[PDB]
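Analysis of the macromolecular model
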Amino acid sequence: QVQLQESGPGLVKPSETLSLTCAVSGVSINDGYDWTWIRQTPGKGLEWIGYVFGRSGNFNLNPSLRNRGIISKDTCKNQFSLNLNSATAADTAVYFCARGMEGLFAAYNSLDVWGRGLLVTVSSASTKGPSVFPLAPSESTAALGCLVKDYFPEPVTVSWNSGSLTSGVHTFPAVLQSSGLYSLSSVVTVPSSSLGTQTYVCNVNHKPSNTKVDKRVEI
Amino acid sequence: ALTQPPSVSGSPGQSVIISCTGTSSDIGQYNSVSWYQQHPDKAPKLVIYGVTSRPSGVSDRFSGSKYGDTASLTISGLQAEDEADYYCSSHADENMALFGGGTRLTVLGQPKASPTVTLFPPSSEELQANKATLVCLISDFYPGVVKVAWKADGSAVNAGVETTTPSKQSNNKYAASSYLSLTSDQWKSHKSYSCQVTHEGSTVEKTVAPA
């Protein structure tokens with residue numbers, strides 16, 4: 001295994017700095033691997049940001065973002081980081097970290113391992129935590145669900161029975177209200193005989209606000 | 001950017017050429033191109049590196065080429081599993097790389113399906129704060145365009161509504177959702193509300209009422 005995962009604030013204010021780390025597993029940050037950052041403005045396509053050469057610590061950026069940021073590698077935590085100053089609304093994107101596969105010329109163009117991605121939102125607005133409500137059946141035939149109201153920024157993550165459920169779960173993409181706040185809903189299709197025989201609970205986590213909650217879909 | 005066609009389409013079992021046109025100082029000068037496959041809401045997968053090579057476990061059905069300042073991906077033996085956005089990238093002069101604007105591959109002739117619509121009322125826990133919402137969830141449909149409208153007591157509602165742009169599931173079918181946002185008086189005013197969803201001219205309707 002080689003694994004990468006992004007970390008960082010989900011919200012940044014205009015003309016702050018946005019910082020992200022990528023934690024590396026299974027290989028040394030010094031192994032000479034073009035530790036690369038890429039962003040995807042949502043539904044608007046990929047942009048290459050830059051790289052750190054693992055074994056020299058030299059770095060280079062996109063000619064739009066050089067003169068405004070740096071990328072660096074931490075030998076103590078085995079991770080690499082993007083610091084991108086003077087943040088603007090345009091900097092709102094999913095940020096990905098990646099590995100340029102060993103010993104290619106320009107391996108930052110040929111990225112074999114990628115991280116999950118982290119959405120970073122640049123806004124003068126405030127974080128707001130979700131309001132969480134259950135959805136329960138008689139009025140849809142076999143489905144339970146949950147509703148996650150008027151939160152900001154994106155995202156919120158949801159699980160059922162503390163990860164005891166994966167099969168038959170489906171969590172819907174959010175919708176943006178005119179208020180700038182989002183909301184979404186989650187469902188699980190349950191074998192109808194189980195209602196009240198088995199307990200059903202949803203776990204919810206809007207980490208940009210540190211809001212973690214659990215809710216009973218109490219039949 | 002490098003330039004790609006915004007979209008391309010092809011029938012099952014066929015082969016498709018996806019092209020990326022740059023300039024002499026990127027695609028031309030350097031034999032360093034690559035292709036990425038992206039399913040929605042997920043990280044890109046590397047598909048070809050250099051003009052020609054494949055990573056391990058990437059299928060034999062993928063191949064790469066370059067002529068002059070232009071380069072292309074061939075996908076052969078189309079499955080619906082090949083439905084994705086495809087991005088090109090190339091090394092660019094003095095320690096850069098450049099991406100192409102992306103292209104969306106549509107795999108034609110997939111089996112159609114009309115939506116498994118689900119509908120829920122406000123929670124009693126919600127309307128105790130004297131605000132109330134109806135949740136209509138639209139799942140497992142293809143093609144991906146839907147018409148959707150609400151009714152109060154069998155009459156059309158044109159304010160207090162929001163609806164998603166549809167989204168592809170793991171299985172290549174679409175999901176969407178619609179929400180109606182009300183006060184408790186406006187929930188209580190009507191003995192039933194309905195969400196009506198029309199897909200390929202066929203209509204699914206789901207109905208809800210207090211208790």
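As recorded by the PDB entry, chain B carries the name DH717.1 light chain Fab fragment and is attributed to Homo sapiens.

In the nomenclature of the PDB entry, chain A is known as DH717.1 heavy chain Fab fragment of Homo sapiens.

**A word on the pairing of strand 18 (residues 201-206) of chain A**
Residue and element names in this part refer to chain A. With 4 bridges connecting them, strand 14 (residues 157-160) and strand 18 associate as antiparallel partners. Residue pairing for strand 18: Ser159 is matched across the bridge by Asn203. Here 6 bridges tie strand 18 to strand 19 (residues 211-216), and the two strands are oriented antiparallel to one another. Within strand 19, the residue paired with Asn205 across the bridge is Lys212. The hairpin formed by strand 18 and strand 19 contains 4 residues between the paired strands, and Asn210 there has a positive phi angle of roughly 55°.

**Describing the side chain of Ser34(B)**
Looking at where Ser34(B) falls in the secondary structure, it is placed in strand 3 (residues 33-38). Looking at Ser34(B), the relative accessible area reads 0%, which means it is buried.

**Remarks on the domain arrangement of chain A**
Assigned domains within chain A: domain 1 (3-122) and domain 2 (131-216). Distance between the C-alpha centres of domain 1 of chain A and domain 2 of chain A: 32 Å.

**Points about the packing of aromatic side chains**
Residues and elements named next belong to chain A. Evaluation of the coordinates by the stated rule reveals 15 aromatic pairs over all chains. Ring geometry for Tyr33 against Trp35: centres 5.8 Å apart, planes inclined by 45°, an arrangement best described as tilted. Across the pair, exposure class does not vary: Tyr33 and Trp35 are buried alike. Site record: aromatic cluster; members linked through ring pairs are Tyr33, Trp35, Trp37 and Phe80.

**Side note on the state of the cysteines**
Residue and element names in this part refer to chain A. One pass over the full model with this rule turns up 1 disulfide over all chains. For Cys22, the disulfide goes to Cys97, at an S-S distance of 2.0 Å. Around the S-S axis, the bridge from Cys22 to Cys97 shows a dihedral of about 65° and counts as right-handed. Of this pair, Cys22 sits in strand 3 (residues 18-25) while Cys97 sits in strand 9 (residues 93-100), and the two are 75 residues apart along the sequence. For the residue pair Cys22 and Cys97, the accessibility class agrees, reading buried in each case. There is no disulfide at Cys76, and the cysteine sulfur nearest it, in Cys22, is 17 Å away. On the basis of relative accessible area, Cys76 is assigned to the exposed category, the value being 72%. No disulfide involves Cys202; its sulfur sits 3.2 Å from the nearest other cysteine sulfur, which is in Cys146.

Thresholds applied
- Residues numbered from 1 in each chain as written, not as in the entry; some residues may be left out.
- Chains lettered and ligands numbered in written order.
- Heavy atoms only, no water.
- Pairing = 2+ DSSP bridges.
- Helix = DSSP H or I, 4+ residues; strand = E, 2+ residues; numbered from the N terminus.
- Buried < 20%, exposed > 50% of the residue type's maximum accessible area, 1.4 Å probe, protein only.
- Domains from an automatic or database assignment.
- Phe/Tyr/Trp six-rings, centres within 6.5 Å; stacked < 30°, edge-to-face > 60°.
- Disulfide = S-S within 2.5 Å.

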